[PDB]
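K.L.:
One structure coming up, written as structure tokens, with questions to follow.
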Amino acid sequence: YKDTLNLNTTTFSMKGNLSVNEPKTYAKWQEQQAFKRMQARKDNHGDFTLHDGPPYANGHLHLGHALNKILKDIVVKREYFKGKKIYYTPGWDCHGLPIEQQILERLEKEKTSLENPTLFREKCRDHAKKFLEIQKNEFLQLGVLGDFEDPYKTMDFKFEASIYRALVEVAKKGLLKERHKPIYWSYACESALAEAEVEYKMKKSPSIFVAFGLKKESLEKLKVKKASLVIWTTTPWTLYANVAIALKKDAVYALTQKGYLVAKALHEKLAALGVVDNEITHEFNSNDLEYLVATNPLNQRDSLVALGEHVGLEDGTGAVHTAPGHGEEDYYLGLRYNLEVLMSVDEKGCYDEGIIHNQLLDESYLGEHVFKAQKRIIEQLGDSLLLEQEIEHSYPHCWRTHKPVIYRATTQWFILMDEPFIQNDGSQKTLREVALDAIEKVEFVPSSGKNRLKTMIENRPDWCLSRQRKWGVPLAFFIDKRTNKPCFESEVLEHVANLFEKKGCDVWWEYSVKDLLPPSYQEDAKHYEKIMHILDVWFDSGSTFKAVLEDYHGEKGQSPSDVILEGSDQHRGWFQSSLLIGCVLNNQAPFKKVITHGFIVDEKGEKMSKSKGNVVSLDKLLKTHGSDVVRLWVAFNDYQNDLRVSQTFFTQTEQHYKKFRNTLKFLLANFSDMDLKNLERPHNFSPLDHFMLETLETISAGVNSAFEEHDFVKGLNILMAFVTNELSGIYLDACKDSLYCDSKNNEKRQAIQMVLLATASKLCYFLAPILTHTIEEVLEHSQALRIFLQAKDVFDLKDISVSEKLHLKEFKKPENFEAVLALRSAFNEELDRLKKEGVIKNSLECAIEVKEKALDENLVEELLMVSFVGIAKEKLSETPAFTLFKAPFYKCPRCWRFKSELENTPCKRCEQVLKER
Ligand SMILES: CC[C@H](C)[C@H](N)C(=O)O
Ligand SMILES: [Zn+2]
């Protein structure tokens, strides 16, 4: 009788063959310009702008890039399917050391050089172009949709002009100022750096305690025979630049029997270390030591005893070796006392002629790198070296050369944080104040991200903008030699900006000063000289809101954006640079909302690097699992924290994907034969039908609410529980007899099919942002779904009203299945017990007599899948709720239910179906 059943099959395959079929889908969306079609949708209602943070145009995509673009894609697709016009122009960060360092390294490896600035910039620009195309196509292989054929590029000439015009706005508001002070200096790239370009890593260091003997006249003033202040330092390379020893104000300093002078609060620690001897002979107040003078044991130079602002007593000695050329707090102390700023370390981190001309350090050190010289310096200290250790400490390194940085007093350009400036509304505020106010108006997901960014703004220094490399946007101002000050005249600045817009920034190197000035100024061209520093690339990316959202007047999205979505490492990076520049231009953040994610890490939670051998390639991952599995893995996991890549976790995701896919296959298979005239007329739905429609509505609200708050785990868990439990476990098991053995003309079967159609419809809508290829495939294989949803393809999906499309009555009282589902669970646990004893094989062999008479007997029979409700003859078991019997019928050879009065004879329902004309 098997061939007399309803076939109930679909062409939608159980196997996804994802690595074969996904490229076909994505190629189609590119060929057909699906993102453009999305933006053009005629019934768009509302707008949604996600502003892409631009990856650097260097190298192939990392797993973190895929995580990022997939999450953006889910968020964007969610808004599209809610009915909005979407703005999502992806972009690329094309300048900076992330590109330039690769060129510098390749030149070195080729044993070649390239000193021509235009030709050098050309090699960098060609490298960004190459990898922009590579990353673009790799992004498209994730199934993401955006304006990838018209992306934004910081190397576009109009973009270079937009960045420069952002800088112009900073300068005209009085926040762009030169400062001279020690800052981060990367000797390996001969450039200043700021915080976002520094990576702190553990590093071993010498750690030394050094005695500076007081001069004879100072010992006479203090009335002791011997006294030497002891300092602690990890940088013997700066001892040549000492000008002072800074003490804590109004603090007691102990003089030992051997003549060492240290903070009394630290004497116990230092004597236990063996730095000084244990016997204290005299105590002195630091206020009485100020303006004594000591002698540097390295070079015999005077060192002033000074009082520092906040000298610490937790480490060291309480006497701080002070080198204004190499320490920012040292520098301010030096100026307060009108001391020399000694700085004889060149741009490559090597001692220069200054050590000879000023007698700071022996001539032999000329040309030596400061880190290389330290062993010989420590040996030169002789008896003044009281103790030498080796320690480990967290130390700043250059983000691209990975070499340790140093600090060098230098003249650079800064955006000031504590300089009051005129607000757009006419009030007066500092940038720090504006940025803190602006942070409070932004929504952070998770909300903990707010305090992370806030704390950085509270604590950050002035922002050094000027870099000494060639690949970037120049700080393209002239210094008037007649004034020694920059020219911020609007006519000059807009003349340069317009040149940049048309020709790009190459002209700043190529053109003469005269050719770069408005005609009104060319007679005075001899008085002007170009600043040749370039902008921090974090200023480039900080300006994307201006260059993309503002300068295209909303065609690429609104300013402020509705959402930005990046790694939580961008609090130190793009979030902060965009926040600061937004606050100068607009006095608010250029984003309304920040969503963050973690890092992709290995099975042990560790970062992937080539030096570790734990790198999983994005290509290998997509080839193994398929992009819809990778996308589901992202969505079905706690992406705000680090995501670990392991076989075990991807296997779990594949099982989820399989369950979703097998469920959609079953639904499609079991309404494939439905007559489409059913779609227009209403149906009489059973209580179980209604229970499922009501359950589907309740869980649909919960999936949607979870997805709205970007908690895709919570929503997918709700969806998966529904498909596993109420759908597959209860409804589809109860309906299989009718779906396969009732007549196609049976109105109860047709009503089940409509429920299955409504259920697949909701599954398609909710999974469309995540498994877009798979839902596209579902629609491709189901004509009934396409008619019912009025959908040509996945991009025509909308959130449908099941009530309206099935013609449900307005005030229908919901079903209450609590009692009958409690019976079902009790029956199934009693039935499990009888299968243990070998008494019966399945529920169909049973009759049940329910002790509660209020229950609907057909629904009991449906849900428990017994063949008979009522009393029979062979008792199997008894509970307080029900008695089970052997069903007093034969098994029907067609439907396998125990409903046949005669052996091997079709039951009454089957007999009619087999007879039907
Ligand atoms: C948001 C990205 C930022 C701007 C930077 N290009 C990076 O890849 O880290
Ligand atoms: Zn039958």
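Residues are referred to by chain and number: the chain letter is A, B, ... according to the order shown in the structure tokens, the number counts from 1 in that chain, and ligands are numbered separately from 1 in the order shown.
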Do you know which residues are within 6 Å of ligand 2 using only C-alpha atoms and all ligand atoms? Can you write them as a count of residues only?
P.N.:
7
K.L.:
If the limit is 7 Å from any atom of ligand 1, counting only C-alpha atoms and all ligand atoms, which residues qualify? Return them as a list in words.
P.N.:
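Sorted by chain and then by number, the residues are residues 53, 54, 55, 56, 93, 538, 541, 566, 570, 573 and 574 of chain A.
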K.L.:
Between CA of residue 15 (chain A) and CA of residue 780 (chain A), what is the distance, to one decimal in Å?
P.N.:
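Computed distance, CA of residue 15 (chain A) to CA of residue 780 (chain A), equals 15.4 Å.
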K.L.:
Contacts of region 110-122 of chain A at 12 Å or less, counting only C-alpha atoms, minus same-chain residues fewer than 3 places along, as a VMD selection string?
P.N.:
chain A and resid 94 to 97 99 to 101 103 to 107 125 to 129 155 469 to 473 504 to 511 532
K.L.:
From the list A:318, A:605, A:518, A:715, which residue is nearest residue 209 (chain A) when using only C-alpha atoms?
P.N.:
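Nearest candidate to residue 209 (chain A) out of A:318, A:605, A:518, A:715: A:318.
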K.L.:
Using CA of residue 18 (chain A) and CA of residue 58 (chain A) as the two end points, give the distance in Å to one decimal.
P.N.:
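So the answer is 28.6 Å.
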K.L.:
I want to know what sits within 9 Å of region 27-35 of chain A, based on only C-alpha atoms, with residues of the same chain fewer than 3 positions away left out; could you give that as a ChimeraX atom specification?
P.N.:
/A:22-24,38-40,140-141,143,145-149,795
K.L.:
Please write the residues from the selection above to a file, keeping N, CA, C and O atoms, as an mmCIF file, in the first residue's frame.
P.N.:
```cif
data_model
loop_
_atom_site.group_PDB
_atom_site.id
_atom_site.type_symbol
_atom_site.label_atom_id
_atom_site.label_comp_id
_atom_site.auth_asym_id
_atom_site.auth_seq_id
_atom_site.Cartn_x
_atom_site.Cartn_y
_atom_site.Cartn_z
ATOM 1 N N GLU A 22 26.301 28.014 -2.927
ATOM 2 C CA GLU A 22 26.429 29.384 -2.427
ATOM 3 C C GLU A 22 27.117 30.321 -3.420
ATOM 4 O O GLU A 22 26.619 31.443 -3.618
ATOM 5 N N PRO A 23 28.227 29.951 -4.069
ATOM 6 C CA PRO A 23 28.834 30.888 -5.027
ATOM 7 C C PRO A 23 27.898 31.259 -6.166
ATOM 8 O O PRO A 23 27.975 32.379 -6.691
ATOM 9 N N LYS A 24 27.004 30.348 -6.544
ATOM 10 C CA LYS A 24 26.028 30.642 -7.592
ATOM 11 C C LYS A 24 25.035 31.688 -7.124
ATOM 12 O O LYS A 24 24.685 32.606 -7.878
ATOM 13 N N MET A 38 17.332 46.457 -3.509
ATOM 14 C CA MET A 38 16.856 46.673 -2.144
ATOM 15 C C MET A 38 16.627 48.156 -1.869
ATOM 16 O O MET A 38 15.595 48.548 -1.310
ATOM 17 N N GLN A 39 17.601 48.996 -2.238
ATOM 18 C CA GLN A 39 17.507 50.437 -2.007
ATOM 19 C C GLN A 39 16.391 51.084 -2.823
ATOM 20 O O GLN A 39 15.827 52.097 -2.399
ATOM 21 N N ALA A 40 16.090 50.536 -4.001
ATOM 22 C CA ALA A 40 15.042 51.055 -4.871
ATOM 23 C C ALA A 40 13.643 50.551 -4.534
ATOM 24 O O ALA A 40 12.685 51.012 -5.165
ATOM 25 N N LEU A 140 32.179 39.544 -0.489
ATOM 26 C CA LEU A 140 30.995 39.091 -1.213
ATOM 27 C C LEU A 140 30.797 37.579 -1.093
ATOM 28 O O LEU A 140 29.659 37.095 -1.160
ATOM 29 N N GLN A 141 31.883 36.827 -0.884
ATOM 30 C CA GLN A 141 31.766 35.386 -0.705
ATOM 31 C C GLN A 141 31.181 34.998 0.650
ATOM 32 O O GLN A 141 30.931 33.807 0.876
ATOM 33 N N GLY A 143 28.266 36.291 1.441
ATOM 34 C CA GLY A 143 26.847 36.538 1.230
ATOM 35 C C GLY A 143 26.336 37.884 1.703
ATOM 36 O O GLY A 143 25.123 38.056 1.876
ATOM 37 N N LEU A 145 25.492 41.977 1.662
ATOM 38 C CA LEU A 145 24.922 42.905 0.704
ATOM 39 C C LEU A 145 25.177 44.344 1.154
ATOM 40 O O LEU A 145 24.868 44.715 2.289
ATOM 41 N N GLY A 146 25.756 45.132 0.256
ATOM 42 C CA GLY A 146 26.056 46.536 0.490
ATOM 43 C C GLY A 146 26.460 47.139 -0.838
ATOM 44 O O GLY A 146 26.435 46.471 -1.878
ATOM 45 N N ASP A 147 26.834 48.419 -0.812
ATOM 46 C CA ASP A 147 27.218 49.073 -2.069
ATOM 47 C C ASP A 147 28.696 48.830 -2.383
ATOM 48 O O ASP A 147 29.494 49.761 -2.540
ATOM 49 N N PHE A 148 29.043 47.540 -2.497
ATOM 50 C CA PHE A 148 30.431 47.117 -2.699
ATOM 51 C C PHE A 148 30.969 47.456 -4.090
ATOM 52 O O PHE A 148 32.189 47.442 -4.282
ATOM 53 N N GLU A 149 30.103 47.736 -5.067
ATOM 54 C CA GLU A 149 30.593 48.200 -6.357
ATOM 55 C C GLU A 149 30.860 49.707 -6.384
ATOM 56 O O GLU A 149 31.483 50.192 -7.343
ATOM 57 N N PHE A 795 14.171 38.725 -1.554
ATOM 58 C CA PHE A 795 14.125 40.167 -1.323
ATOM 59 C C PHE A 795 12.700 40.729 -1.306
ATOM 60 O O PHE A 795 12.515 41.889 -0.922
#
```
K.L.:
Within region 254-420 of chain A, find each residue whose DSSP state, derived from the backbone, is alpha helix (DSSP H), and express the selection as a ChimeraX atom specification.
P.N.:
/A:264-273,328-336,354-357,370-380
K.L.:
With a distance cut-off of 9 Å and only C-alpha atoms, select the neighbouring residues of region 825-828 of chain A, excluding the residue or stretch itself and same-chain residues fewer than 2 positions from it, and output the selection as a ChimeraX atom specification.
P.N.:
/A:820-823,830-833,843,848,864,881-882,884
K.L.:
From the set A:589, A:319, A:188, A:819, which residue has the shortest atom-to-atom contact distance to residue 850 (chain A), counting only C-alpha atoms?
P.N.:
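Closest candidate: A:819.
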K.L.:
Dump as JSON lines the rows for residues of region 135-238 of chain A within 12 Å of region 492-495 of chain A: closest atom pair and distance in Å with one decimal, only C-alpha atoms counted, ordered by chain and rising residue number.
P.N.:
```
{"residue": "A:161", "atom": "CA", "partner": "A:494", "partner_atom": "CA", "distance": 9.7}
{"residue": "A:162", "atom": "CA", "partner": "A:494", "partner_atom": "CA", "distance": 11.2}
{"residue": "A:164", "atom": "CA", "partner": "A:493", "partner_atom": "CA", "distance": 9.1}
{"residue": "A:165", "atom": "CA", "partner": "A:494", "partner_atom": "CA", "distance": 8.0}
{"residue": "A:166", "atom": "CA", "partner": "A:493", "partner_atom": "CA", "distance": 11.3}
{"residue": "A:167", "atom": "CA", "partner": "A:493", "partner_atom": "CA", "distance": 10.2}
{"residue": "A:168", "atom": "CA", "partner": "A:493", "partner_atom": "CA", "distance": 7.2}
{"residue": "A:169", "atom": "CA", "partner": "A:493", "partner_atom": "CA", "distance": 10.2}
{"residue": "A:171", "atom": "CA", "partner": "A:493", "partner_atom": "CA", "distance": 10.3}
{"residue": "A:172", "atom": "CA", "partner": "A:493", "partner_atom": "CA", "distance": 10.2}
```
K.L.:
Might you pull out every residue within 8 Å of residue 587 (chain A), with only C-alpha atoms counted and same-chain residues fewer than 2 positions away left off, and present them as an NGL selection string?
P.N.:
:A and (423-424 or 434-435 or 438 or 582-585 or 589)
K.L.:
How about saving the chosen residues, N, CA, C and O atoms kept, as a JSON list (two decimals), in the first residue's frame?
P.N.:
```json
[["chain", "number", "residue", "atom", "x", "y", "z"],
["A", 423, "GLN", "N", 31.38, 76.77, 20.57],
["A", 423, "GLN", "CA", 30.41, 75.77, 20.17],
["A", 423, "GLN", "C", 29.52, 76.30, 19.05],
["A", 423, "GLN", "O", 29.38, 77.51, 18.84],
["A", 424, "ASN", "N", 28.89, 75.36, 18.33],
["A", 424, "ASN", "CA", 28.02, 75.77, 17.24],
["A", 424, "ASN", "C", 26.82, 76.56, 17.75],
["A", 424, "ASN", "O", 26.30, 77.42, 17.03],
["A", 434, "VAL", "N", 32.87, 68.36, 25.66],
["A", 434, "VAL", "CA", 31.91, 68.04, 24.61],
["A", 434, "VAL", "C", 31.85, 66.52, 24.37],
["A", 434, "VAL", "O", 30.77, 65.95, 24.21],
["A", 435, "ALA", "N", 33.02, 65.87, 24.33],
["A", 435, "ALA", "CA", 33.05, 64.43, 24.06],
["A", 435, "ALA", "C", 32.38, 63.62, 25.17],
["A", 435, "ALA", "O", 31.69, 62.63, 24.90],
["A", 438, "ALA", "N", 28.73, 64.09, 24.75],
["A", 438, "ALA", "CA", 28.24, 63.37, 23.57],
["A", 438, "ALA", "C", 28.13, 61.88, 23.83],
["A", 438, "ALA", "O", 27.19, 61.23, 23.34],
["A", 582, "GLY", "N", 33.88, 64.34, 15.21],
["A", 582, "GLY", "CA", 32.47, 64.70, 15.25],
["A", 582, "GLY", "C", 32.18, 65.80, 16.26],
["A", 582, "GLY", "O", 31.42, 66.73, 15.97],
["A", 583, "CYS", "N", 32.79, 65.71, 17.45],
["A", 583, "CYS", "CA", 32.53, 66.71, 18.47],
["A", 583, "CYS", "C", 33.12, 68.08, 18.12],
["A", 583, "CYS", "O", 32.56, 69.10, 18.53],
["A", 584, "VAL", "N", 34.22, 68.14, 17.35],
["A", 584, "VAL", "CA", 34.70, 69.45, 16.89],
["A", 584, "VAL", "C", 33.74, 70.03, 15.85],
["A", 584, "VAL", "O", 33.34, 71.20, 15.92],
["A", 585, "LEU", "N", 33.37, 69.23, 14.85],
["A", 585, "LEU", "CA", 32.59, 69.75, 13.73],
["A", 585, "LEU", "C", 31.14, 70.02, 14.15],
["A", 585, "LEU", "O", 30.59, 71.10, 13.88],
["A", 589, "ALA", "N", 28.50, 63.15, 18.81],
["A", 589, "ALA", "CA", 29.02, 61.96, 18.16],
["A", 589, "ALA", "C", 28.39, 61.81, 16.78],
["A", 589, "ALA", "O", 27.22, 62.15, 16.59]]
```
